[PDB]
Amino acid sequence: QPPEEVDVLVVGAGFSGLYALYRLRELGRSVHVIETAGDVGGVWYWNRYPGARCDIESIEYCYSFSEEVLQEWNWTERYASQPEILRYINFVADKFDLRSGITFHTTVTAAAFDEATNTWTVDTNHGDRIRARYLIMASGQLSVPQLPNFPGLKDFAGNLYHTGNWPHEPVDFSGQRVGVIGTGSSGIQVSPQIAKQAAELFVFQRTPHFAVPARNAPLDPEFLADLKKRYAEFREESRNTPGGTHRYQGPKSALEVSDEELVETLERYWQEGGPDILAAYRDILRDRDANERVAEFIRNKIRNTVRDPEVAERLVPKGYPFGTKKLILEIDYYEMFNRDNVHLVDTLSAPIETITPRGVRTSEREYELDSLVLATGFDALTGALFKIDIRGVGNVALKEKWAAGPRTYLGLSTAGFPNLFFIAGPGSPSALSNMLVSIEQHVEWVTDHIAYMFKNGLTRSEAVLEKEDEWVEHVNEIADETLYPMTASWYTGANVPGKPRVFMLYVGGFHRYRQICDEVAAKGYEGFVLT
Ligand SMILES: Cc1cc2nc3c(=O)[nH]c(=O)nc-3n(C[C@H](O)[C@H](O)[C@H](O)COP(=O)(O)OP(=O)(O)OC[C@H]3O[C@@H](n4cnc5c(N)ncnc54)[C@H](O)[C@@H]3O)c2cc1C
Ligand SMILES: CC(=O)c1ccc[n+]([C@@H]2O[C@H](COP(=O)([O-])OP(=O)([O-])OC[C@H]3O[C@@H](n4cnc5c(N)ncnc54)[C@H](OP(=O)([O-])[O-])[C@@H]3O)[C@@H](O)[C@H]2O)c1
């Protein structure tokens, strides 16, 4: 139940928030968190759908700031399930007594910067008004569920769910005719789970996403114990990579190798599982012909997965470069379509016309359903800020500054909004990275800066408008040497009608981005106006 005056206010208590809280306390600053949720966790509190699971190996997707935590915590599986990750987060929160720094059940609704006093005034739906010198937005990247765009949702007679705001008490689909709309990551995890309770499962595909097998496995406790001996060293290796994990960076071009070496090299990634295929050859993101060679191996893998070819070809991702939507790890998802209580409804060929109260009508036919699950993604990267009335200098709304796309210096800050910091968001590596790496560096960097403002008795930090401008053109130029901008993904805002179609992330790799952030801090925060 919030203070009235705080050195730094933080929004959200997922990985970013909790680290921010801890580190700002270690730095002898007053600090408080405001969080919509009932408890700590962010995505891992929200997304309790059955099947929810990490894409990055447990040993990678975790904090490194605390040596004790590395030592004590025991991961059990190659990819943590959501409850295990939530346990981890609750564990870390207990260990550093973080909850006394967090007001739960409370959404921030506006914030306005008082040029008179170099300070932010932050409002909430409960009615609290807090005044802070610095505002840290740790409100995540995928934290505002997107409904799909059509009519008669309100009308549906059965039960309705978004994966991203799933109920707390487990949901029973036993006996039910169930429909899932969305075959993203969330769709692909949640479906094989639902398929096991329900009498009939209908899967509403628009564009096929690319997925490879996770080959999850138990985590050998010998190996864990071993790794613990050199944990910090291992983490440090992950921090000096483009992607923030131990993925091997293929030195070769997917064009230079023969077909035989191609198939044989990719068959090895396929047996092993996980995302490392993305970096099998250096030019898979940089050259349509390179990418198409990998992409085709994948599609055949998918064809040979499903007994019936008609069904199989509808599962085959067509239209766009492999790796340019999030690459998805599947567990028994394609196998699922062999079960005869599962049906793939292709909405490319037969659009969804409306939801009726009895279910879902396409142009071809209607589908009667007792339950319907939306796995339809999130208003991404900007979604969550946009729900807060954030006003900068001159009373400029950020919602408007950014209306043609996010405009940031390093992603960390935007000009015209002193003392405002975005954690792991547009302008930065963000979700193109093991996010615990992207997130730890940002918190470190932001909180170093705040510590350093206080050390030097300064009170106003602002990004310089031309540097912001130079940063944006830079983010776009590098995006444009890759294949990313070419496709409609949440990365480009394309999953939301009317959202400006810009590739929003920094594609240079984490290591490079940190280097830049470091040279910047080294020079007294070049590109900021400090007063
Ligand atoms: C299902 C799912 C799985 C994921 N898998 C991976 C993965 O495998 N690897 C990876 O690297 N990343 C993945 N991520 C990306 C994910 O964003 C990060 O890994 C990380 O969990 C993000 O944490 P965060 O602190 O940035 O914010 P979030 O965990 O998104 O937390 C933000 C918090 O702020 C709260 N909040 C938002 N607005 C307000 C408001 N106005 N007032 C008060 N509170 C507010 C939200 O409720 C939320 O609690 C996944 C994302 C999803 C959605
Ligand atoms: C770690 C891990 O495995 C994990 C697990 C879960 C999430 N995550 C992370 O969060 C991000 C989101 O993944 P997600 O599943 O929640 O959402 P998505 O990826 O945006 O796909 C939305 C889906 O719904 C379909 N769709 C959208 N609108 C539609 C419409 N109007 N009509 C009909 N269909 C509509 C849309 O169809 P299409 O043709 O591509 O627009 C697509 O099928 C991920 O990338 C990860 O970063 C990670």
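- Method of structure determination, per the deposited record: X-ray crystallography was used for this entry, reaching 2.70 Å resolution.

**What about the domain arrangement of the chain?**
- Splitting the chain by domain gives domain 1 (1–148 + 379–531) and domain 2 (149–378).
- Between the C-alpha centres of domain 1 and domain 2 the distance comes to 27 Å.
- With 59 residues of domain 1 in contact, the opposing surface of domain 2 contributes 60 residues.
- The largest per-residue losses of area from domain 1 upon contact with domain 2 belong to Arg78, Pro148 and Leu483, which jointly make up 16% of the total buried on that side.
- Summed over the shared surface of domain 1 and domain 2, the result is 3 salt bridges.
- Salt-bridge contacts for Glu440 lead to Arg235; the nearest nitrogen and oxygen are separated by 3.0 Å.
- At the boundary of domain 1 and domain 2, one finds 38 residue pairs in polar contact.
- For the side of domain 1 that touches domain 2, the secondary-structure elements that each account for two or more residues are α2 (43–46), α3 (67–72), α14 (435–455) and α16 (510–522).
- Ranked by residues supplied to the side of domain 1 that touches domain 2, first place goes to α3 with 4 residues.
- Tallied by class, residues from the side of domain 1 that touches domain 2 come to 31 nonpolar, 16 polar and 12 charged.

**Description of the site of ligand 2**
- Lining the immediate environment of ligand 2, one finds 23 residues, of which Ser186, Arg206, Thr207, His209 and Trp490 sit closest.
- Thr183 places a main-chain nitrogen or oxygen 2.9 Å from an oxygen atom of ligand 2.
- Taking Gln189, its side chain carries an N or O atom lying 3.1 Å from an oxygen atom of ligand 2.
- Against a free-state accessible area of 910 Å², the protein chains account for coverage of 89% of ligand 2.
- Residue composition of the shell around ligand 2, grouped by class: 6 nonpolar, 12 polar and 5 charged.

**Focus: the pattern of salt bridges**
- Within the structure shown, the criterion is met by 34 salt bridges.
- For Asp39, the salt bridge goes to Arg99, with nearest N and O atoms at 3.0 Å. Note that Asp39 is positioned in the loop between β2 (31–34) and α2 and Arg99 in the loop between α4 (82–95) and β3 (102–103), a separation of 60 residues in sequence.
- Assessed through its relative accessible area of 31%, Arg99 is described here as partly exposed.
- For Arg514, the salt bridge is made with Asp518, and the minimal N-O distance between the two is 2.6 Å. With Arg514 and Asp518 both in helix α16 and 4 residues apart, the pair spans about one turn of that helix.
- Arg514 sits in the partly exposed class, given a relative accessible area of 24%.
- With relative accessibility at 35%, the residue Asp518 sits in the partly exposed group.
- Via salt bridges that share partners, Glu292, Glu296, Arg299, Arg303 and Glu313 belong to a single interconnected network.

**Overview of the site of ligand 1**
- For ligand 1, the set of nearby residues contains 32 residues, the closest of which are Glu35, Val43, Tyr61, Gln141 and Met435.
- Taking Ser16, its main chain carries an N or O atom lying 2.8 Å from an oxygen atom of ligand 1.
- Here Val108 contributes a backbone N or O atom positioned 2.9 Å from a nitrogen atom of ligand 1.
- Contact with the protein chains covers 93% of the free accessible surface of ligand 1, which is 1000 Å².
- Contributions of two or more residues to the shell around ligand 1 are made by α1 (15–26), α2 and α14.
- With 3 residues, α2 is the largest single contributor of residues to the shell around ligand 1.
- Residues that form the shell around ligand 1 fall into these classes: 15 nonpolar, 15 polar and 2 charged.

**Some remarks on the sheet that holds strand β13 (residues 352–356)**
- Strands sit in the order β13-β14-β15 across an open sheet of 3 strands; the sheet is antiparallel. Edge positions in the sheet fall to β13 and β15 (366–368), since each has one partner strand and no second. The mean angle between the axes of side-by-side strands here comes to 20 degrees, regardless of whether they run parallel or antiparallel.

**Looking at α16**
- For α16, with 13 residues, the first-to-last C-alpha span of 18 Å sits near the 18 Å given by 1.5 Å per residue.
- Of all the residues in α16, the buried ones are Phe510, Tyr513, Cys517 and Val520. Down the axis of α16, the sector holding all buried residues measures 85 degrees, keeping them to one side. Residues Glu519 and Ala522 are exposed on α16 and point more than 90 degrees away from its buried face.
- Structurally, α16 contributes buried residues whose contacts are with α7 (231–239), α14 and α15 (465–481).
- In the segment just after α16, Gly524 is the residue with positive phi, at about 75 degrees.

**Quick look at the sheet that holds strand β7 (residues 159–162)**
- Within the open sheet, the 5 strands sit side by side as β7-β16-β8-β9-β12. Their pairing is parallel. The sheet terminates laterally at β7 and β12 (342–346), the two strands that pair on one side only. Across the sheet, the mean angle separating the axes of adjacent strands is 20 degrees when strand polarity is ignored.
- In this sheet, strand β9 (residues 200–205) lies alongside strand β8 (residues 177–181) in parallel orientation, the contact comprising 5 bridges. Its bridge partner being in β9, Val178 is matched across the sheet by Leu201.
- The sheet strands contacting helix α5 (residues 185–194) are β8, β9 and β16 (371–374), and the helix crosses β8 at an angle near 170 degrees.

**Things to note about the packing of helix α8 (residues 259–272) against helix α9 (residues 288–303)**
- At their nearest, the axes of α8 and α9 sit 11 Å apart, and the two run at 60 degrees to each other. The orientation of α8 with respect to α9, classified from their angle, is oblique. Viewed along their axes, α8 and α9 form a crossing whose handedness is right-handed. In this structure, α8 contributes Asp259, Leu262, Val263, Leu266, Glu267 and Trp270 to the contact, and α9 contributes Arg293, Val294, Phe297, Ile298 and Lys301.
- Split into classes, the residues belonging to the contact of α8 with α9 amount to 7 nonpolar, no polar and 4 charged.

**Some remarks on unusual backbone geometry**
- Not every positive phi belongs to a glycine, and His105 is a case in point at roughly 55 degrees.
- Structurally, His105 can be placed in the loop between β3 and β4 (108–114).
- Even without being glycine, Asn395 reaches a positive phi, approximately 60 degrees.
- Examined against the element boundaries, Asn395 turns out to sit in the loop between β17 (389–391) and α13 (398–401).

How each quantity is defined
- Residues numbered from 1 in each chain as written, not as in the entry; some residues may be left out.
- Chains lettered and ligands numbered in written order.
- Heavy atoms only, no water.
- Residues with missing side-chain atoms left out of burial classes, pairs and counts.
- Domains from an automatic or database assignment.
- Contact = heavy atoms within 4.5 Å.
- Buried area = accessible area lost by both parts, 1.4 Å probe.
- Salt bridge = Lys/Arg side-chain N within 4 Å of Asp/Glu carboxyl O.
- Polar contact = N/O pair within 3.5 Å; in protein donor to acceptor, adjacent residues only side chain to side chain.
- Helix = DSSP H or I, 4+ residues; strand = E, 2+ residues; numbered from the N terminus.
- Nonpolar A, V, L, I, M, F, W, Y, C, P; charged D, E, K, R; others polar.
- Near = heavy atom within 4 Å.
- Areas by Shrake-Rupley, 256 points an atom, 1.4 Å probe, with all protein chains shown as cover.
- Buried < 20%, exposed > 50% of the residue type's maximum accessible area, 1.4 Å probe, protein only.
- Pairing = 2+ DSSP bridges.
- Axes fitted to C-alpha atoms, helices over the stretch in contact; angles between N-to-C directions.
- Expected span 1.5 Å × (residues − 1).
- Arc of directions from axis to C-beta.
- Parallel < 35°, antiparallel > 145°, perpendicular 65-115°, else oblique.
- Left-handed = near helix turned anticlockwise from the far one by under 90°.

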